[PDB]
Amino acid sequence: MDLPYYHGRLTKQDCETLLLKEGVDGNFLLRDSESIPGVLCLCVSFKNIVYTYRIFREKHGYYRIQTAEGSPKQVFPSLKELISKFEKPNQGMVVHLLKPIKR
Numbered sequence: 418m419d420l421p422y423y424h425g426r427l428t429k430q431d432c433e434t435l436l437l438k439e440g441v442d443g444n445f446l447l448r449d450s451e452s453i454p455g456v457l458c459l460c461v462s463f464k465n466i467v468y469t470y471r472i473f474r475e476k477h478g479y480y481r482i483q484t485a486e487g488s489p490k491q492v493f494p495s496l497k498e499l500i501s502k503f504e505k506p507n508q509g510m511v512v513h514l515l516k517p518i519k520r
């Protein structure tokens, strides 16, 4: 795609290596789901563990994510708006996004 930190078909394994090797929280990227066509995954590092969230297209061209049980599904007009929200602290994600890992 367009976004510099979208990696397309990137294995879960390579994803983990790229996200965790620096040893810092908040490294993140987007990749394709390995199993569900048309689904994206936002993957981010926290305390040496990768946390993965699937992002669905409604489609309607919007992007849907649910970060936790009892958090409402949230829909965004664009991936950039989704990423921008979770760059802020304490927004219901395990960790906030800091450094985009570029392709």
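First residue of the sequence shown: 418, per my numbering; consecutive thereafter.
Note that beta-carbon positions come from the ideal geometry of N, C-alpha and C, so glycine has one too.
My assumption, with CB atoms under 8 Å, is that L446 sits in contact with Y422. Please give the rounded CB distance.
Contact flag correct, Cβ pair sits at about 5 Å.
Which residue's Cα is closest to the Cα of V512: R426, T484 and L435?
Among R426, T484 and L435, the Cα nearest to that of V512 is on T484.
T434, enclosing alpha helix (DSSP H) - first and last residue
Residues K429 to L437.
Nearest to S452 by CA position, among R481, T428, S501 and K516, is which residue?
Nearest of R481, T428, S501 and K516 to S452, Cα basis: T428.
Suppose you measure from the CA of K476 to the CA of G455; what does that come to, to the nearest Å?
Rounded to whole angstroms, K476 and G455 show a C-alpha spacing of 9 Å.
Taking its Cβ as the centre, do 16 or more other Cβ atoms sit within 10 Å of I466, making it buried, or is it exposed?
Exposed.
Judging by CA-CA distance, which residue of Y479, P506, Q430 and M418 is the nearest neighbour of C460?
The shortest CA-to-CA distance from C460 to any of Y479, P506, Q430 and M418 is the one to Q430.
Taking the C-alpha atoms as reference points, what is the distance between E439 and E433?
The alpha-carbon atoms of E439 and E433 are separated by roughly 11 Å.
Which one or two residues does DSSP pair with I466 in a beta bridge?
In DSSP, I466 forms a bridge with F463.
Between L436 and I518, how many whole angstroms is the CB-CB distance? I'm expecting something under 8 Å.
Contact between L436 and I518 holds, with the beta-carbon distance rounding to 6 Å and staying under 8 Å.
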